[PDB]
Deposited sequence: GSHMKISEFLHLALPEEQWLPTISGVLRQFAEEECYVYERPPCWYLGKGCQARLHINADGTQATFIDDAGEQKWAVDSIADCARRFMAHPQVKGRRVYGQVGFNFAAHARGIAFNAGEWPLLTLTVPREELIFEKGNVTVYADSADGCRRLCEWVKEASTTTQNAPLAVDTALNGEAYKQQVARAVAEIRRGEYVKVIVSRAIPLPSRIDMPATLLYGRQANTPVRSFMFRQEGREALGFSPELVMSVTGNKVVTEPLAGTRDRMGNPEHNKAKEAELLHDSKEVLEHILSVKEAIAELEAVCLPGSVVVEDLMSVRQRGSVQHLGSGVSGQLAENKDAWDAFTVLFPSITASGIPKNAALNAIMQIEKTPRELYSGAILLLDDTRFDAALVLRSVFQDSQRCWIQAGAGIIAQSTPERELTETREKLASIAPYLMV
């Protein structure tokens, strides 16, 4: 039921308003051009806890515990539920969803593995209008702790060269001196970036926001698309510098090899769920501009096989190859061996599910805060040809996409 219809550069500020006017209440914001989506409150929720041992459903009638033998079956059950079907669903998928779904052992973090929410209220910004439906920057030193990171990379490089795996994303968490103003970081960060999706979610005393550089996955009807980005240079100088960096990226043998290794894995992943011969690269290794950095990017698509749904596709595609590694399960393991803080939502997914689409954005270029931690996180794809010093610099170039725009 459409409540109001008030008649674009005011979209940004309005969302902030909404987040503040109704702060300390649960909110989910998602940008998928030409629209913004803001959901508020909670009419139904599926919550999977940090170690994947409890699935909780909540709606107005109360709380239920659902059998959690398969998180994907829980997600399917939620989407088919009477309180849910026909409604837009805002979701989040933590990094360790992969290990849980994969029968890989893992150490649980603090954040949920998966949540899906039908909001009580919803604003939609489109065609210089909004539709309502109802029932002070901070300085961040991104060099600190550099040497420990380069050791982690040198370890990864040793493991690859020994043949333990081919690629792994090693990331570093940078703790922030104070909690940040999320609505103001959103506004200020956004104008600094050209992301494929933006998001801000506040739920159960935990907050995350970011400018997603790529899609994990998009499903429209029977067509599945994934969008691996891998291979990076800065775009942090004048146009001349940036354009020389673009040509350099296109012709650098290390960056190109990093890229193609991931596209070929993304092809094999889609092949596991798609009709034979339907998997094609629609865009091969073009440069994508993402704020402080520009990347090689490819679009791969296929047609889901008859016995495969968007959740089967999501479990194979998750996490992005470009945020985990190759082969995926060995990389996931190396990540849990090498990294010392839980990724939580970092390298996970933000979801928007509605009548026409399953949309899943990769969680990078993002900032996170709960009762215990406030941090940003960036990594780099490590291959046999990686240099620890260059990969450090790469994380810093990526961190410059979010870090300068953290408002206190």
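- No C-alpha positions are given in the record for the deposited-sequence stretches 1 to 4, 12 to 15, 144 to 164.
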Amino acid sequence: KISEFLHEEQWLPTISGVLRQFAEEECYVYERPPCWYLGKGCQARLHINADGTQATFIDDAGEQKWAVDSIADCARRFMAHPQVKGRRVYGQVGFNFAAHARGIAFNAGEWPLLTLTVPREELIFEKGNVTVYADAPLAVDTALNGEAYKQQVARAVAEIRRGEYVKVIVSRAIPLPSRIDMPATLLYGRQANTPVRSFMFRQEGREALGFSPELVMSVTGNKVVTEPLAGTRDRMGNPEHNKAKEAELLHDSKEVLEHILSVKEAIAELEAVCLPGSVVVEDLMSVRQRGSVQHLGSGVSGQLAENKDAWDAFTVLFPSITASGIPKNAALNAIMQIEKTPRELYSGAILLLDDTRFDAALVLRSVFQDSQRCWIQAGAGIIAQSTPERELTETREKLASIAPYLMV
From here on, numbers count along this sequence of modelled residues.
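- Of the two segments, 147 to 155 and 249 to 257, the one listed with the higher mean B-factor is 147 to 155 (C-alpha atoms only).
- A summary of the deposited B-factors shows that, of 160 to 168 and 100 to 108, the stretch with the larger mean C-alpha value is 100 to 108.
- For the set 211, 311, 201, 95, the PDB entry puts the maximum C-alpha B factor at 201.
- Each of 90, 78, 133, 318 has a CA temperature factor in the record; the biggest one is found at 133.
- Among the modelled residues of the chain, residue 128 sits in the highest third by CA temperature factor in this PDB entry.
- Ranked against the other modelled residues of its chain, the C-alpha B-factor of residue 347 as given in the entry falls in the lowest third.
- The entry lists a Cα temperature factor for residue 231 that places it in the lowest third of the chain's modelled residues.
- In the deposited entry, the Cα temperature factor of residue 389 sits in the middle third of values across the chain's modelled residues.
- Annotation for residue 68: CA B-factor lies in the middle third of the chain's modelled residues.
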